[PDB]
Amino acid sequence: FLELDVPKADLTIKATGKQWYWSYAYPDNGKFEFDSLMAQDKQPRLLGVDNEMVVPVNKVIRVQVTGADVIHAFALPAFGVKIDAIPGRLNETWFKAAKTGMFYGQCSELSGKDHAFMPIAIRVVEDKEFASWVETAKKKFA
C-alpha cells in the first residue's frame, strides 16, 4: 500500500472477539458467519482451528473488528495488522496477502492467563479456491 492512499477493499470481513474465540462474518459473500475455535482430535496436526478465516491472495481485505464483551487485540504481524476490537465500536484496517498458505497469531510478550488464548488463523488461497470455498461456506454456515 502507498500510505497516502485510501485503501479500497476487494473484500470485507468482520471479526468479533469474545471470551475466548473469534467469530468471522462475510458481508460481501452472503452474510454467513462462523466461530473459530481451537481444533482438537485433528491428529497428526499440531496447530490450528476448526474454521479458518479464509481470503484470496493479492486482494485488498478490509477487516472490521468489534468486541462482544471486553476489548480483545486482533494481530497478525505478517500482514502488518494490529487493531483493537472494542465493544460498541467498529474499528477497521486493510491488508493484502502476497503469499498463499496459513498464518497464525502470537501470544503477546506479556505472560497472560488461563483458557484466554484466542487463536487467529488466516488461510490465504488462490481466486478459484476462494470462489469455491465461498460456495461451500454459504451452505455450511447457513
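The numbering used is simple: start at 1 and walk along the sequence shown.
Participant: For the higher mean C-alpha B factor in the entry, choose 35-43 or 93-101.
Facilitator: Between 93-101 and 35-43, it is 35-43 that shows the higher mean C-alpha B-factor.
Participant: Return whichever of 102-110 and 72-80 has the greater mean Cα B factor according to the PDB record.
Facilitator: Mean C-alpha B-factor is greater for 102-110.
Participant: Of the options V55, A85, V49, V63, which has the highest CA B factor as deposited?
Facilitator: Reading the PDB entry, the winner on C-alpha B-factor is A85.
Participant: What third of its chain, lowest, middle or highest, does the C-alpha temperature factor of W22 fall into?
Facilitator: Tercile = lowest for this residue's CA B-factor.
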